[PDB]
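Participant: Pasting an experimental structure with its sequence.
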Amino acid sequence: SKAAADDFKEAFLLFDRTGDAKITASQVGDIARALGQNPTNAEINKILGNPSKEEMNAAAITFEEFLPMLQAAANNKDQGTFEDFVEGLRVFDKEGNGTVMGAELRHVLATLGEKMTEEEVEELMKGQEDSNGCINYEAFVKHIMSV
Amino acid sequence: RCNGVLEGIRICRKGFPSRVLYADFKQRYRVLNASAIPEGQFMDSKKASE
């Protein structure tokens, strides 16, 4: 709305590697996340196809399409409730203390639903899981929602 | 019918219908959390599915 945030246009100049002021359709998922929006990858996929837009063939972009797609994704930020994120992992391990065994969270984050690479899974556990093999998800989900 | 076989099936189906045999369970679904389900199925034919 501007509140006209012109820093979204300045961040589009940091993600366009050619400097022509266009951003390919394959970068739009990760740049919506870098502007403070977390649409799921199936949602980013649907919307695209919904609009008869094929992410399979070469794509370019213009700021005039990327701005309204970020504004259509911005209504879905009401789905980001931290009660359900901590209660999900609290149902994932027994006893009254928030600890996932290391390999349980790593294999679930790579193979269940939207596949996260094991390189990204190791980069998200690095520091929050110590050598006991127990990830405290009270501080883990706190630090994941700090970015 | 007269055996009781068909009546045992009935009573079963009232309950937990579909019942998967463990290996038959491994193979077909390992792929779901591939790493952790495969390990389970291989490590203990039963304990695996678990």
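Facilitator: Yes, it's here. Residues are numbered from 1 along each chain as shown, chains lettered A, B, ... in the order given.
Participant: Please, which helix or strand holds residue 20?
Facilitator: Answering for chain A, as no chain was given. Under DSSP states H and E, no helix or strand contains residue A:20.
Participant: From chain B, how far off is it?
Facilitator: Residue A:20 sits 41 Å away from chain B, taking CB to the nearest CB, to the nearest Å as the criterion. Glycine gets a C-beta too; all of them are placed from N, C-alpha and C.
Participant: How about the contacts made by that residue?
Facilitator: With CB atoms under 8 Å, 6 or more residues apart in numbering or on different chains as the criterion, no residue contacts residue A:20.
Participant: residues contacting the residue most central in space within chain B?
Facilitator: Central residue of chain B (CA atoms, centre = their mean): residue B:20, 2.0 Å from the mean position. With contact set as CB under 8 Å, 6+ apart, residue B:20 has these partners: residue B:49.
Participant: now residue B:1, what's its secondary structure?
Facilitator: With DSSP: H, G, I helix; E, B strand; the rest coil as the basis, residue B:1 sits in coil.
Participant: Could you count how many residues lie near it?
Facilitator: As a burial measure, residue B:1 scores 6 neighbours (other CB atoms under 10 Å in any protein chain shown).
Participant: how far away is it from residue B:9?
Facilitator: Residue B:1 is 10 Å from residue B:9, where distance means CB to CB, to the nearest Å.
Participant: Now the common contact residues for those two.
Facilitator: When CB under 8 Å, 6+ apart defines a contact, no residue borders residue B:1 and residue B:9 alike.
Participant: Any residues of chain A in contact with chain B? List them.
Facilitator: A:103-104, A:106-108, A:110-112 (CB under 8 Å from any CB of the partner chain).
Participant: Show me where chain A has its helices.
Facilitator: Here chain A has its helices, by DSSP state H, at A:7-15, A:28-33, A:41-49, A:63-73, A:82-90, A:102-111, A:118-125, A:137-144.
Participant: now those as a markdown table including mean neighbour count?
Facilitator: Below are the helices of chain A laid out as a markdown table (neighbours: other CB atoms under 10 Å in any protein chain shown):
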| stretch | mean neighbour count |
| --- | --- |
| helix A:7-15 | 13 |
| helix A:28-33 | 18 |
| helix A:41-49 | 14 |
| helix A:63-73 | 15 |
| helix A:82-90 | 13 |
| helix A:102-111 | 18 |
| helix A:118-125 | 14 |
| helix A:137-144 | 15 |
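Participant: a markdown table for those helices, including distance to residue A:57?
Facilitator: Output for those, formatted as a markdown table (distance: least, CB to CB, whole Å):
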| stretch | distance to residue A:57 |
| --- | --- |
| helix A:7-15 | 20 |
| helix A:28-33 | 15 |
| helix A:41-49 | 12 |
| helix A:63-73 | 16 |
| helix A:82-90 | 36 |
| helix A:102-111 | 29 |
| helix A:118-125 | 26 |
| helix A:137-144 | 34 |
